[PDB]
Structure formats: structure tokens, C-alpha cells
Amino acid sequence: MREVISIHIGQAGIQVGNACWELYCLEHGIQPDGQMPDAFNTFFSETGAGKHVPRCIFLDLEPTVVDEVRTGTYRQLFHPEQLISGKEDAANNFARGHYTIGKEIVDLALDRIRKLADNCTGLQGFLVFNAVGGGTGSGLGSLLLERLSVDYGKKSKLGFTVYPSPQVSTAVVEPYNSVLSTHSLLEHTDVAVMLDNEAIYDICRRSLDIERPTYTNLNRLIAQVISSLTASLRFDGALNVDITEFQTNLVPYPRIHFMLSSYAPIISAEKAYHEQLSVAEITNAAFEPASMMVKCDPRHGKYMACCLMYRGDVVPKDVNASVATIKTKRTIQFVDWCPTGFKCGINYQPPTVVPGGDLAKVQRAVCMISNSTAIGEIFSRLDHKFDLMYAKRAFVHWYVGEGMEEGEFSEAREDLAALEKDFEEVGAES
Amino acid sequence: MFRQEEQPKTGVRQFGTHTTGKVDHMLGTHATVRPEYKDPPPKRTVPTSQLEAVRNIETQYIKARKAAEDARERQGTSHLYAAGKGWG
Amino acid sequence: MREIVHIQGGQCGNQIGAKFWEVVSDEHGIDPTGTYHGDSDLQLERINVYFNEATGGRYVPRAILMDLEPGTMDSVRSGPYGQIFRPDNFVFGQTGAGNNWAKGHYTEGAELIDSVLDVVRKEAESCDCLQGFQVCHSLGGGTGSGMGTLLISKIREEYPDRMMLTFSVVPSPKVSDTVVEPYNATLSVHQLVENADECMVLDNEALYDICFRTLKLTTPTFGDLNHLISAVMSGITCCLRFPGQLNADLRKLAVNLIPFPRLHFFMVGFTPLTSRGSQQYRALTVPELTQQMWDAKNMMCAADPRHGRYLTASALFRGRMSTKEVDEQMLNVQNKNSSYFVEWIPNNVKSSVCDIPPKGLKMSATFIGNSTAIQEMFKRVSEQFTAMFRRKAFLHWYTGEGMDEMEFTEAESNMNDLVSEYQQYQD
Ligand SMILES: Nc1nc2c(ncn2[C@@H]2O[C@H](COP(=O)(O)OP(=O)(O)OP(=O)(O)O)[C@@H](O)[C@H]2O)c(=O)[nH]1
Ligand SMILES: Nc1nc2c(ncn2[C@@H]2O[C@H](COP(=O)(O)OP(=O)(O)O)[C@@H](O)[C@H]2O)c(=O)[nH]1
Ligand SMILES: [Mg+2]
């Protein structure tokens, strides 16, 4: 049976999954106490009689966010030992999450993976959630993805990461934590979907027209894409696409596996009645540069391969009629050697709108996850953010003393510069 | 004869025949489009009767639309050939 | 005493074939319970061609359902007319092909071929004299394209003297569904040129403009496309299931329409297609059927038949009609435009008449066209294939499953050899 195990690492991973599991209980009618008053097997395992538990692990070195979930409204939903706390955090240090304190807790992390993978009949993929700007998300994530690669070969891993924005970022050592995190996630993660905070800030500012929103509104809006990406394993549609179909229709090369994401109808409650939504209209809105989830302008590069995944009442000619006008448009430009560049997927539920959420009820939806050569800009900016700080060796003695040697920064710098050459080489016209 | 056990219903959340993605306008008719799926009429010209029946009084909008239809009918009339009868 | 085993591969074959058995079993009068309630005595004359008689008057389709995912099997079973198949014939995998030709043909297909070949031989040995095999699948996928062509290669070894129909959809020029369409299609045609006895070629976007321009249907879906596919499926084997003035089995169509052993790629269409606003304005008579039959826009293949000459054509007429006026429409269509027909084959069009029309239709006909303009469809897939293979994009999922780059250079050569031999017969 189709089923997928989610892994939530770091402060962002717990809060994204807090909004992600809030949605998944709603779309299957699962009450917060864990009792439902066929399709739930991909995220909920049927335990005993009238009880479902999520297929997740909540690991975070800082104990202040796990117990918030433990004392929260979803106390009865989660298995108590399924959520892993810790004594002290990595505290924005990659070396602590990888060498000093990460090695102690990672043994408990893989042990719950045994029980979750043995309980699941046919595992189909892994959903790893982290923010590389922190110590626990990047450090423990690189350690966790190292052990999951040696223990589970050829199994797909979906990585939803939060890179720092060029303007809007929180921690000073985020360029240090991001560059070292790339040395693992290229050669371990199979499919990575990049997210950025300020791009979601811009989506919330204009499309939702809400003036002063917070992280709770981002995580609610991130979980829409997470739900829409795996909506095929849950609910039937004309063109079902599995987690191994994004894993092959989007990546042309093994080391190019970073993708953008977008969500077409982003309309508030007051704007829904005035706005007419059509399949041609939202597909044009899905390809707008302002609706991207990472601040890289797609006009600078070329789209490698796009995967439009639809929801709701979308007829199969209207995805074909929409993409006919998309290919004729001159602003959108593909690489020359990829004539067929689209993957289409049509499910049948409309997206389940959460109570108290700013997003309105929409009959149709599009989730476009696309590989593009403009992703080199979000890597080159952090490349520029890091060598400028590593030039006179600032914030290095914290990393040096915690087990990490000096040379790992040089290896991570060289590895990231190899990715810069790869995106430029693959976009060359011949 | 042996133990009768019903297999558990495990499957993807199926949907009814009423959805737009699975509606079949040629169902059991061998490649002919079914009734109640008639062709779209051109321009969808609603008559004034459907508007008068929903308004309470013949307002100025209804009166003007009836005047437009009367002008159309007066343009159609020929004064030499009656409808179904010959010259004069 | 002639029978056909149906094999459905992947999401395309299961969805088309589920609609195919909704049309055929309704045509023979089989209700979704499985028994018989038709009012015609002639439907039970030839019922063993597509059915196996069971206990209690129940008739089971001679159909083998094979894929690599459990998703489509639940969709077929839960749908109407889905309770008629044997649960034993529901052979299915668990991992899934993932739209990859390498996964379906080498690594996750091989452990299911021995499972599906077990029920292929069970269906064949249960019946009397195998007229042939009919398989419906896609070419851009990996569940039905890679795995289905592996089944055709095994069946051709086991049963080499029996016929083989393949009904396959192809990647479209105008739009697309998957990114790895030309990688899967070129490998599949490479496996279909030697193994398939005759291949009928379909295109989902030559179905859409038929649904939109001709049928005047505002909202066509896959359910509407598969019903137009399934109508042609019943037209090919019309003379087997019902008596006619000039019968024509599946082999009679093969010897007429295949001049050379590699040119077996055909195109098909269904003649009496009208909107419901044009039912009463239509005077259904054989000259009106032939003008729609020979029209280019009624073809269900995206290649335009005016751009190439017709090597051989055939029509499967159904209903009460006069043979010479069928014949004089065939002599007329070769004389009004003789530049569109091959000079060195006299009397290109083969005619056949079935005395029983389909349900609700007084006269119907099914066209099979072996036009040399089919090379435009294969050259545009080859145009997409040479672009992608030059940069070696999307190749590491194919070379990681045990298929090195040598097969891709071989598959492109046979595709280029297929379009060159069609091109020289246009001259
Ligand atoms: N989009 C989004 N990002 C978040 C959210 N919460 C935290 N982040 C990201 O987290 C980064 C801050 O560092 P964290 O990842 O939280 O640090 P950590 O994972 O707890 O690692 P340690 O502090 O060492 O335990 C910021 O740059 C944010 O981008 C959230 O709710 N939504
Ligand atoms: N006629 C028809 N074609 C379909 C249907 N579903 C998918 N297709 C075609 O199949 C192609 C994609 O094949 P895919 O779904 O990956 O087949 P699979 O790999 O065997 O599961 C597309 O070009 C579609 O046009 C259907 O219900 N009817
Ligand atoms: Mg922390």
C-alpha cells in the first residue's frame, strides 16, 4: 500500500508540521483526539479500533517546542514516545548538531524509523522538513539524512527546506549553517523543494492582502503545497502522480534536484466573490514571478521542467488548453533540449480550507513544482554571503571547538561552487 | 464449504459518477451524445418573459427591452407577405 | 470458435479497457451483474469470442488486467461494469513503474511478467482456437509501455502463429502529459516493430478536436475519449461477433492492410459522429458515412492523411446496406482524388459488411488506414528524442536500471529506419 513517513527536524520543522498535521486531520475528518467519527493509510496508521496516529517523528534538540505540542491541542493525536525532545539545542551551530550533541540523539531517531517503517507495508518515500538556517535543522538533518541513505537505498526523500532570504533573515550565522548543509543535501536528498521566507512574506502581503502576519500564516500556507504534492496517494484523480513520478519527471541529472514551488489561487475571503477562477486564469497566475515560493526571478533563467499538479474540478482538456497558451508565451522560456517540459496531474478534491485560516474556499487549485536554472541565484547569493564572512574568519571558533575541523568549510565552499558551475552548464544553448 | 471471510476494503478514495472529471456524455449509447447534454445556444439570448416573471412590475428596463423586441418584430414584418399566407 | 484475449496495461489500458467492456458487454446484452438480459437471439451465437461461460448463466470477460500500481485496479473494480471480471485476472504490483520504461521492462516488470504469463496461458488453453491477442496501452508511460511491450515479446515467443492487435496512444505534438514521453515512446516502437502483428495508432489530441469540433461537446474528459476509442474497438471485430454478407475476420484485415512486414502502423476512425443538435438534420445513408469516413478531421490519429498517400485502406461497415453502393463509394473515392492513393496497388480499399449494426445506430462503419503520412507522427517523436538524448537529460533513471545507452542508439535507428521506409513508398 502507498504510504509515506514524514520527518520534522528543527524549530521550523515542528511548526511546519504543526500546521501540516492540522490540515491532514481536517481533510480526512480526523478529530484532534485521534478518533474518526480507506484513504487515511498514507499518513495515519489504523491502531486498534477507532484510533489513528500520524506517520511522523518530531525530533528537536531544544525541548521548548516538543512539549508545546505535547501540551497543545494535539496531545491525544500523537504517540507520546513518537515525539523526541532533547536536553539542549544545537543553538545555530552545525557542528553541535553533527558532532557534539547530534550523535547522542540520532540513535533514538533511527529507532523510531524502524518501528514506523516496519509498521508500514510498502514505504513509498520520506518527507524531511528542516530549515538550514538553524543548528538542529541543518546539523541533525545532515546526520539523519546520512544514516537514512546508508540504511534505505533507492527510497525517495522529499526535502522541504527554508533557505535564508537575501534581505530578510533572522540569524547571523545562517550563511555558515546553510553552506555546510549543502554538502549533505545534494548527495543524499533525492528531491529538494526550496522555500524562502520573504517570498512567502510577499505572497501574504499582496495576494492575501493581510498587513501584519506571522510565522503561523506561513506554515499554514506552506502546508497547502505539501498536501497538494501528495494528494494523489490520498484521493483518486484522472492523472494520478506518485512520489516516484516527481522523482523522475523533474530531475534531468542526479546533482540538479532543487525545484521551486507555487500555488495558483491565493485569494482572501473578501476577494473570492469578485474574482472568477478558471483553469486558464489560475495557470497564468501560477506562472507569475511574484507567486513563487523563493525569491529568484524566473525570467533571469530558464525553466528546466515543470510539474503542474491540479486539484478539484479540473477537466483534462483545460490543463491542456492552458498549457497551450503557456508554451506560446515568450516571457516563459525553456531550455532548448527539453521539448516536452510539463508534467500534469489532476486529482478531484478541492483543497480543504482550515477554519481560522486566511485562505478562502476555491473550487480549483494548481501546485506547480518546477526545476529551473534561476535557482543558481539563491545559491550564488548565499555563496556571496559566506565567502565575505569567511574571508577574515568570523564565527569560526565556535565551529572549530565543537569537533568540526577548519577544512570542512573549504570542502563545503568548493562543493557549493561546483553547483554554481552546474546550473550554468546545464542552461547553455547548443 | 470452507471459511467465508470478506476481504477488507482498502483503496483510494473513489468518487461518484457526478464529478466533472468522470462524467460520460456517451454512456451505453455506442458513440452518440446523450440527451440533456444539448449544444450551447448561440449568445444565450434570454427572453423578456423570464425577466418579467421575476420582477414584480414591468419596470422601465422591461419596457425598453420589450420596445427593442417590438422594433425587431416591426423590422421583420414585411407588409406584403403574411406569415404562412401569400401576397395580399 | 474464434476468440480474443484482451490484455490491458497501465492506467491508459485499464481506463480504456474498462470503457471497452462497458461497450462490448452492453452490445451483447450483458448487464453489470454478469448474466444476460438482451432481447436479440443473435447475440448468443458468438459469445465465446470475448467471454467465458460460467456457472449460473454468468459471463466473464476474457480480459487480463495488468499494471504495477494498485490504484487503477480499485478504480476499475469500483466503477460500473467492474464486477464482471475475475478477481484472479487482477494481477498487479505494489512498487509502481513511475512512468519509466526501464522500471517496467527490466527491474519491477520482470517479477510480474511470470505472474501475468501464468494467467495468459490459463486463458488461452481454456478456449478453443485463438484468433489472436488484443492489447490496449500507452507509449509515453512506463507501466503499460515498458511492461506491455515485454508481455508482447513473451507472447510472440509462446504463440508465434497467432494474431496480435495493439491499440496504443502516442505522445502528442501540441501538448504533453509527462516529460519522459519521447524516451518511453521510442523504446516502445522499437519493441513493437518486430513483435506486434498490426498496431493501431491513437492520439489523445486527435481525439479532443473530434470531441470539440465534430461532436460539438463543450466539456470532453477522459471518459468521453475512451468511449470514442472503445467504439472503434468493437468495429474491428464486428464480423467475428455477428454474421455479415461479406465476413472479414482479424486476419483478413491483416493480409489486406499489411503490404510489407514492417508497415503495420495504422490509423482508425468512427464514421457516424454527430452532435445532438445535428441528429435530426442528418440523413443517415452510406454516401454521408463515406464523406465523414474519408475526412481528415475524423481520423483519430494526429497525422494529417492529406500529406501522404494511402498505401491501403479498409472499412468495417455495419448495418443493413446495399453492397454495390458501398462498392461505388469506394470506386468513387479512388477516382475523385487518385493522387492521394498509391499507383502500384489497384483497388486499394478493402470493404466488408456486418449485418448487425451497433445499439441505437442504424448504420455504422469503422475505418482502418495504413497511410504513409504516419511518418510525420514518428518523426516528431524522433525530433523530441534526438533533442533530449543529445544532452543526455533524464537518462540516469534509465541507465541505473540495467539498460545502457546502446539500446537508445539502436531504438533511434529503427525509428529513423521506420520513417525512411514509409517515405520512399510515398515516392
Ligand atoms: N517559513 C518558516 N520558517 C521558520 C519558521 N520557524 C523557524 N523558521 C526558520 O528558522 C530559522 C531560525 O533558525 P531555526 O531553524 O529555527 O533553528 P533550529 O532549527 O531550532 O536549530 P537550533 O536553534 O540549533 O535548535 C529562520 O531563519 C526561519 O527561516 C516558521 O514557522 N516558518
Ligand atoms: N484515452 C485515455 N488516455 C489516457 C488516460 N489516462 C492517461 N492517458 C494517456 O496516457 C499518457 C500518460 O500515460 P500514463 O498515465 O503515465 O500511463 P501508465 O504509465 O501506464 O500509467 C498521456 O499521454 C495520456 O494522454 C485515459 O483515461 N484515457
Ligand atoms: Mg533551536
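One-based numbering along the chain as shown.
Determined via electron microscopy, 3.7 Å.
Quick reminder: no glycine exception, Cβ is built from N, Cα and C everywhere.
Features reported for this protein in Swiss-Prot:
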{"type": "BINDING", "residues": "A:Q11, A:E62, A:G135, A:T136, A:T170, A:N197, A:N219", "note": "GTP binding site"}
{"type": "BINDING", "residues": "A:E62", "note": "Mg(2+) binding site"}
{"type": "ACT_SITE", "residues": "A:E245", "note": "active site"}
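Proximity of A:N197 (GTP binding site) to non-local residues of its own chain (separation of 6 or more, Cβ distance below 8 Å) is seen for A:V162, A:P164, A:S165, A:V168, A:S169, A:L218, given in sequence order.
Proximity to ligand 3 at the level of Cβ atoms, with a cut-off under 6 angstroms, picks out none of the recorded positions A:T170, A:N197, A:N219, A:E245. Its own atom aside, the Cβ of A:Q11 (GTP binding site) has 21 Cβ atoms within 10 angstroms in the protein chains shown. Within the set of binding-site residues A:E62, A:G135, A:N219, no residue has a CB atom less than 6 Å from any atom of ligand 2. Among the listed binding-site residues, namely A:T136, A:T170, the Cβ with the most fellow Cβ atoms inside 10 Å is that of A:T136. Taking the C-alpha positions, the distance from A:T170 (GTP binding site) to the residue listed as 'active site' comes to 35 Å. Between the candidate recorded positions, A:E62, A:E245, the densest Cβ environment within 10 Å is the one around A:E245. Cα separation, A:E62 (GTP binding site) to A:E245 (active site), rounded: 36 Å. Remark: of the binding-site residues A:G135, A:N219, the most isolated position is A:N219 (fewest other Cβ atoms within 10 Å of its Cβ).
If you compare every pair of Cα atoms in A:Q11, A:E62, A:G135, A:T136, A:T170, A:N197, A:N219, the residues listed for GTP, the longest distance is 22 angstrom.
With a threshold of 8 Å between Cβ atoms, the recorded positions A:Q11, A:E62, A:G135, A:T170, A:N197, A:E245 that neighbour chain C are A:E245. Taking CA atoms as the reference points, A:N219 (GTP binding site) and A:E245 (active site) are 25 Å apart. Cα of A:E245 (active site) to Cα of A:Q11 (GTP binding site): a distance of 30 Å.
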